[PDB]
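Participant: pasting an experimental structure, sequence included:
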Amino acid sequence: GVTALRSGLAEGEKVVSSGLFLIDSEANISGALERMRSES
Amino acid sequence: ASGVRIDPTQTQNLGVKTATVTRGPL
Amino acid sequence: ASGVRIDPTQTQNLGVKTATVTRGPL
Amino acid sequence: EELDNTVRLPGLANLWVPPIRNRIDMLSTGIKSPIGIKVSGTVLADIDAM
Amino acid sequence: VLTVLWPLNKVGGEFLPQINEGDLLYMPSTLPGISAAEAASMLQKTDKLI
Ligand SMILES: [Cu+2]
């Protein structure tokens, strides 16, 4: 029940666990996921 | 800006829990 | 604009059968 | 109004309607736009592009 | 008649009927692909707020 990233974050950083779906969806509507992906 | 600000009183109702990133062996 | 608080946790008061832990033989 | 302001969660876009009127709207197979376009085909990949 | 009818039609004009019942229906929609666990939890969240 614990994945391991090879890269993409930084120890100390916080990351959501519960309610992760609704939030991701909210950020998808918000255009956030769109923004993040576009910021490169 | 980036990301998205969500009303704290809602994320509280949702019951949002968070975990802290760390480095170590799997 | 409603700071209405709510209990995030799962809740059940409408149907939950409970049993008591015992000491005895199989 | 108080309900729409109280009851609300991230991602969950709220909406309020009448029971009977909703049920009608529900089983209602059809299109809401005054003008609609149906592009039909053999493979979804193609039509979706249309 | 002609004079009063002309500027009295250019006023508001909105969709047709609405019937309000006693009790009301709450439909809130979210993105697709939600689990029968989270979706059930979601249902309880809102109901407690309502
Ligand atoms: Cu529906």
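Facilitator: Received, thanks. Residues are numbered from 1 along each chain as shown, chains lettered A, B, ... in the order given.

Participant: am I right that residue D:14 is in contact with residue D:1?
Facilitator: No. Residue D:14 is beyond contact range of residue D:1, at 11.6 Å (criterion: Cβ atoms under 8 Å). C-beta: built from backbone N, CA, C; applies to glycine.

Participant: neighbour count winner among those two?
Facilitator: residue D:14 (15 against 6; other Cβ atoms under 10 Å in any protein chain shown).

Participant: secondary structure class of the residue of chain E found nearest chain A, three-state.
Facilitator: Across chain E, the shortest distance to chain A (Cβ to the nearest Cβ) belongs to residue E:31, at 3.9 Å. Assigned with DSSP: H, G, I helix; E, B strand; the rest coil, residue E:31 falls in the coil class.

Participant: the strands in the chain, which residues?
Facilitator: This is for chain A. Here chain A has its strands, by DSSP state E, at A:14-18.

Participant: could you do chain E instead?
Facilitator: Going by DSSP E, chain E shows strands at E:25-26.

Participant: next one: chain D
Facilitator: Applying DSSP E to chain D gives strands spanning D:16-17.

Participant: flag every residue of it that's near chain E.
Facilitator: When proximity is defined as Cβ under 8 Å from any Cβ of the partner chain, chain D approaches chain E at D:3, D:6-9, D:11-22.

Participant: restricted to helices, list the residues you listed.
Facilitator: Among the residues of chain D next to chain E, DSSP state H puts D:3, D:6, D:19-22 in helices.
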